[PDB]
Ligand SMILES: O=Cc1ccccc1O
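The chain that follows stands alone, in the form deposited without the ligand, written as structure tokens.
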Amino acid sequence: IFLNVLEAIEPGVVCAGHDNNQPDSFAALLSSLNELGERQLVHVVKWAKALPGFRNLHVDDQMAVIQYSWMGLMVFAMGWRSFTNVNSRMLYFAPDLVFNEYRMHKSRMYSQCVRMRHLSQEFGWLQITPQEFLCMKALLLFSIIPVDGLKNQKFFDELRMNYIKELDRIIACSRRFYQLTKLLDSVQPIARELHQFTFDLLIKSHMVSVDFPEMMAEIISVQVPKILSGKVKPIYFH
């Protein structure tokens, strides 16, 4: 039942709308990454709200958890698409936004990109199954919380425990749980580097001709700094 649901709500293909017939430029690549990010967020929200037990969470906690986990969720799913679509040869942000090393360099996010390429390869090396991937991704949504707590922390703790239990069931074991939780933890540092980069970019966006969508700018200026300043932190297994 649980896996049937995860499979049923998994988002379909999302395109960036990037002009690939134009020579690569920092400004156009980032504007497409921003637009793609916002298009994906629409889907992440619909996906999250359809998750088993997600409605149990307080209304305000639902929005917060989605906004904080947004980057991580995208990173994890992008790594999977890279592995399944191009065997980690490139980063498959979208069918019309595929990064080769040249674009990784031109985007000024080279180190983060190489770490995501390594993540992509890990899916292959660890032989992650589509079902482990689905459960792990859902678990990522419940892996970052505020130090001062959510409106209903207890409901959040129960839900996270339940998702961990589902992972146990998919696995069923110890060595595998170790491998998967280590892989999950590796997502956070990458999301952090992307958050930092994105934060710095928005602050100087007017200096590099980068276009930030309304909702994204609000989230980067209101939520992301809570993560960067240590007020909101990820939950690591290790």
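Only the largest set of C-alpha atoms that superpose within 1.5 Å between the two forms is called the rigid core. Don't overthink the numbering: it's just position in the shown sequence, from 1.
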Superpose by the rigid core and compare 207-215 with 28-36; which one moves more, by C-alpha RMS, in 7 other deposited structures of this protein? 207-215
Note how many residues of the deposited chain are left out of the model between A172 and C173; the options are none, 1 to 3, 4 to 9, and 10 or more. 4 to 9
Higher-scoring stretch by recorded Cα B factor average, 202-210 or 173-181: 202-210
Between the two ranges 79-87 and 150-158, the one averaging a larger CA B factor in the entry: 150-158
For the listed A16, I9, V222, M215, which has the peak Cα B-factor recorded in the PDB entry? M215
The largest CA temperature factor among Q40, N56, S32, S69 is found at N56
Ranking every modelled residue in this chain by its Cα temperature factor as given in the entry, which third contains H105? middle
What third of the chain, by the recorded C-alpha B-factor, contains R115? middle
Ranking the modelled residues of this chain by C-alpha B-factor as given in the entry, is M63 in the lowest, middle or highest third? highest
Using the B-factor values recorded in the entry, state whether the Cα atom of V5 falls in the lowest, middle or highest third among the modelled residues of its chain. lowest
Lowest, middle or highest third: where is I164 by Cα B-factor in its chain? middle
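Form solved in complex with the ligand: not shown, discussed below.
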Looking in the bound PDB entry, any heavy atom of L184 within 4.5 Å of the ligand? no
Looking in the bound PDB entry, any heavy atom of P146 within 4.5 Å of the ligand? yes
Partner proximity in the bound PDB entry: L150 to the ligand, non-hydrogen atom cutoff 4.5 Å: yes
Within 4.5 Å of the ligand in the bound PDB entry, counting any non-hydrogen atom, which residues from 65-81 show up? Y68
